[PDB]
Every structure is written in structure tokens, then in C-alpha cells.
Amino acid sequence: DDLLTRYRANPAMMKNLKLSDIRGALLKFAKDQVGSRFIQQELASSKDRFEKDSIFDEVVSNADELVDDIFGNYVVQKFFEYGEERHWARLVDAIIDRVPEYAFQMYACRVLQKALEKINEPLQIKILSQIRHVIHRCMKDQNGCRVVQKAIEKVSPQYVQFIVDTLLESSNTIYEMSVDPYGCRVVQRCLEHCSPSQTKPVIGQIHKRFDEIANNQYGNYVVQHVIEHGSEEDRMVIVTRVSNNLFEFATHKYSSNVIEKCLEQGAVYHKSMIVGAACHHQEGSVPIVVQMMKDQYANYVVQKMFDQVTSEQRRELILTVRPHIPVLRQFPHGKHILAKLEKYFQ
RNA sequence: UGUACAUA
Ligand SMILES: [Cl-]
């Protein structure tokens with residue numbers, strides 16, 4: 001009987017099994033639930049460098065079969081860890097040619113991510129050179145975008161310029177990505193980690209179709225990232241557009257969170273623009289702020305106003321709202337809405 | 001009273 005069946009049979013009868021006993025059995029061990037667990041704990045607990053190197057020729061030899069196995073991918077990942085550094089380069093050579101494929105696969109993509117987490121920049125670049133061939137499809141992929149996000153988080157900004165130039169490959173790409181459940185994560189990481197040199201054309205593209213992206217289920221998270229990570233002029237352009245169209249932005253499901261984000265990240269003079277738009281006369285109608293507390297989404301925006309502004313800015317909101325407090329008591333949740341405001345009408 | 005990602 002092969003060593004694995006023997007081992008799975010009576011685990012405790014084999015308590016002196018070592019990695020150098022595995023030899024040819026590596027591939028079957030690594031694809032086995034029990035066997036892969038054995039290798040893993042051996043690789044982590046052993047303080048013998050030569051035991052650890054023993055199975056490595058087999059890992060390399062079977063790399064293609066292992067990287068996308070439910071149990072083998074962990075064995076390959078062990079050799080991308082710190083302290084196995086002496087192996088990173090030849091492990092990378094064993095998987096390099098199929099990186100374009102591995103990036104899309106649910107198990108192999110975890111190997112690519114661990115490698116990007118650990119290896120030195122020259123090897124990170126070698127892996128990115130393969131990603132380049134499939135980058136656009138990769139960014140919209142449930143698995144592919146995790147490798148792209150990891151690249152952006154771990155590689156020097158200058159070596160992911162090809163990812164930014166993909167976001168800019170054609171007019172509608174930034175829009176296409178920002179409204180993708182996976183592409184939007186890529187745009188966010190770019191806003192977090194790229195140089196302002198690199199993010200400015202990207203943010204520019206986002207501004208051109210701002211209204212659409214801001215009210216999208218995924219784009220609203222991209223605009224929020226622009227608010228937190230773009231420039232002062234970006235925040236200014238956004239607040240200004242938000243204030244001129246305050247009621248339409250606040251009464252929609254996704255764009256309402258964008259106003260909340262302006263209130264949380266804005267300087268005092270941006271907050272003032274939003275308070276002023278909300279307390280504006282409009283002779284022939286209730287002030288905007290009052291209409292906003294009657295609304296399923298906008299009522300959270302008004303609450304965020306009251307909590308994020310100065311007492312001086314709150315004064316105007318209190319004076320504008322207070323007449324209308326009884327009428328607002330009627331509509332559904334209208335009670336509970338001013339409940340959480342009774343601390344400012346005390 | 002209101003929004004988003006992959007393993008045993
Ligand atoms: Cl354009």
C-alpha cells in the first residue's frame with residue numbers, strides 16, 4: 001500500500017513520519033485533506049532546513065497540478081513565506097508561464113496573492129508582466145481583481161502604471177470599472193496607493209460622468225474614495241456639485257452616502273456650502289432640509305449634518321427646522337427621526 | 001427607516 005493510505009489508516013502509528021519520507025508520494029499527499037495538513041504542519045513546525053527542502057523538488061515538479069487544488073494550494077503557499085526566501089525565485093519560474101490563467105482560478109489566485117505579499121520587488125514585477133496580458137479582464141474578475149488589488153497594495157506605484165493606463169485605455173473604461181462589482185475595488189486601491197501624478201487623470205475621468213457613478217451601487221464607493229483620497233479641488237468640485245443638486249443626491253439610495261462622506265471628510269467651508277443649500281428659502285416650498293427629513297434616504301443625510309457640523313452651523317439648521325417639528329411627527333418614522341435629534345432641540 | 005469581494 002502507498003504511504004498515504006498507510007498514514008491515513010492509523011495516524012498515530014505513524015508519529016515519526018518526516019517530510020523526507022514522502023519523496024515520490026508528495027503529489028498525492030498534497031492533494032489529500034489529511035496529507036496536505038501533514039505537510040503544512042511539518043513545514044511550519046520543523047526546524048530542519050533540509051527536511052523542508054526535500055519535498056521542494058516535488059512541489060516545483062507538480063506546481064501546475066498543485067496551485068489550483070483545493071488542498072495542494074496551501075503546500076505551494078508555504079514556500080512563498082518569509083523564511084523560505086531561498087526558494088521564491090525558482091517557485092516563481094515554475095508558475096510564471098501560466099500566471100495569466102492562474103489569476104482567474106479560485107485556488108491558484110490565492111497562491112499569486114501570497115507571493116505578491118511576500119516576495120521581493122524583482123519577482124513581483126516578473127509576476128506583473130504576465131498579469132499585463134490579461135489585465136483588463138482580470139480587473140472585472142471575482143478572482144482576478146484580488147490579485148490586481150494585491151499588486152497595487154504591495155508593489156511600488158511606478159510599476160503598476162500599466163494598470164492605471166488600463167483604467168485609461170478608452171473613454172468609458174473608468175466608468176465601466178467603477179460600476180463593476182470587482183472593477184470598482186481596483187479603482188479604489190488605485191486611489192489609495194497611486195501617486196497623485198497617477199490618480200489625477202483617473203479622478204478626472206470619474207468627474208466627467210460623476211452623477212451616474214455617484215448614484216451607482218458600486219460607483220458610490222468610488223466617489224467616496226475620491227472624496228477621501230483626491231485633492232482639495234476634487235473635494236471642492238464635488239461638494240459644489242452636490243450642493244447645487246442637494247435634494248436629488250440625498251433622496252437616492254446610493255448617492256446619499258456620498259453626501260454623508262462629504263460631511264465626514266469636508267473642511268468647515270464645504271460643510272457650510274451643504275448647510276446653506278439645505279436651509280435655502282425657495283419661496284413657494286418648505287426648505288430643502290425639511291423635505292429631506294421626510295425621505296427614506298435623505299433623513300440619514302440630515303442626521304449626519306447635525307452630527308458633523310459646528311454649533312454655529314447647527315444654529316441655522318435648528319432655526320430652519322423648528323417650526324415644522326410637529327408636522328414631521330406624523331409621517332412614518334418621522335417620530336424616530338427627530339428622536340435622534342431631540343438632543344439639539346432641548 | 002438606507003449600499004459592495006475568492007479556499008479545508
Ligand atoms: Cl471622455
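Note on naming: letters A, B, ... go to the chains in the order of the sequence lines (proteins, then strands), and numbering restarts at 1 for each one.
- Rounded to an integer number of Å, the gap from CZ of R185(A) to P of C5(B) is 7 Å.
- Per the geometry, CG belonging to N299(A) stands 6 Å off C1' belonging to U1(B), to the nearest Å.
- For the pair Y297(A) OH and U3(B) P, the computed distance is 8 Å after rounding to whole Å.
- With centres under 5.5 Å and a plane angle under 30° as the test, the ring of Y218(A) is not stacked against the base of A4(B).
- Closest approach to the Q188(A) side chain among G2(B), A8(B), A4(B) is made by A4(B) (side chain taken as heavy atoms from C-beta onward).
- For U3(B), its base never sits under 3.5 Å from the side chain of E260(A) at any donor and acceptor pair.
- The stacking criteria are not both satisfied for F71(A) over the base of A8(B), which would need a centre-to-centre distance under 5.5 angstrom and an angle between ring planes under 30 degrees.
- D68(A) places its CG atom 11 Å from the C1' atom of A6(B), with the value rounded to the nearest Å.
- In terms of polar N and O atoms assigned as donor or acceptor, the side chain of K294(A) never comes within less than 3.5 Å of the base of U1(B) in a complementary pairing.
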Notebook entry, point to check: Which is it for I119(A) and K154(A) under the side-chain contact (heavy atoms from CB on, under 4.5 Å) test, yes or no, and what are the steps along the way?
Noted result: CA-CA 10 Å; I119(A) 67 196; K154(A) 299 298 295 191; over 6 Å; no

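- Distance, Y300(A) OH to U3(B) P: 8 Å, rounded to whole Å.
- When the side-chain nitrogen and oxygen atoms of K253(A) are compared with OP1 and OP2 of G2(B), none of them lie within a distance under 4.0 Å.
- For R189(A), whose side chain is taken as the heavy atoms from C-beta onward, the closest listed nucleotide among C5(B), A6(B), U3(B) is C5(B).
- Not a single donor-acceptor contact under 3.5 angstrom links the side-chain atoms of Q303(A) to the base of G2(B).
- Considering only side-chain atoms of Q149(A), the nucleotide from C5(B), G2(B), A4(B) that sits closest is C5(B).
- Looking at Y182(A), its side chain has no donor and acceptor atom pair within 3.5 Å of the base of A4(B).
- Checking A8(B), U7(B), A6(B) against the side-chain heavy atoms of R37(A) singles out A8(B) as nearest.
- In this structure, the CG atom of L116(A) is 19 Å from the P atom of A6(B), given to the nearest Å.
- As rounded to whole Å, 17 Å separates atom P of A8(B) from atom NZ of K78(A).
- Counting to the nearest Å, the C1' atom of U1(B) and the CG atom of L328(A) are 15 Å from each other.
- With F104(A) as the aromatic partner, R137(A) meets the cation-pi criteria of under 6.0 angstrom to the ring centre and within 45 degrees of the ring axis.
- The number of heavy atoms from other shown groups lying within 6.0 Å of CZ (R86(A)) is above 12.
- Comparing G2(B), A4(B), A6(B) against the side chain of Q142(A) picks out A6(B) as the nearest.
- Judged by distance alone, with hydrogens and angles left aside, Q113(A) brings a side-chain donor or acceptor within reach of the base of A6(B), the pair sitting under 3.5 Å.
- Candidate nucleotides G2(B), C5(B), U1(B) were compared by shortest atom distance to the side chain of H336(A), and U1(B) ranks first.
- Under the stacking criterion of a centre-to-centre distance below 5.5 angstrom and an interplanar angle below 30°, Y254(A) is not stacked against the six-membered ring of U3(B).
- When the nucleotides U3(B), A8(B), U1(B) are ranked by their closest atom to the side chain of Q40(A), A8(B) comes out on top.
- Salt bridge status for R6(A) with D1(A): absent, with no side-chain N to carboxylate O gap under 4.0 Å.
- Aromatic stacking is marked for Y74(A) over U7(B), as both cut-offs hold: 5.5 Å for the centres and 30° for the planes.
- Across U7(B), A8(B), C5(B), the shortest atom-to-atom separation from the side chain of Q77(A) is found for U7(B).
- Within 6.0 Å of CZ in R98(A) there are 12 or fewer heavy atoms belonging to other residues, nucleotides or ligands.
- With hydrogens and angles left out, the side chain of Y221(A) and the base of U3(B) share a donor-acceptor pair within 3.5 Å.
- Listed candidates were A6(B), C5(B), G2(B). Nearest to the side chain of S256(A) is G2(B).
- For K200(A) and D234(A), the salt-bridge test fails: no basic side-chain N is under 4.0 Å from an acidic carboxylate O.
- Residues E117(A) and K150(A) approach most closely at CG-NZ, 3.2 Å, considering heavy atoms.
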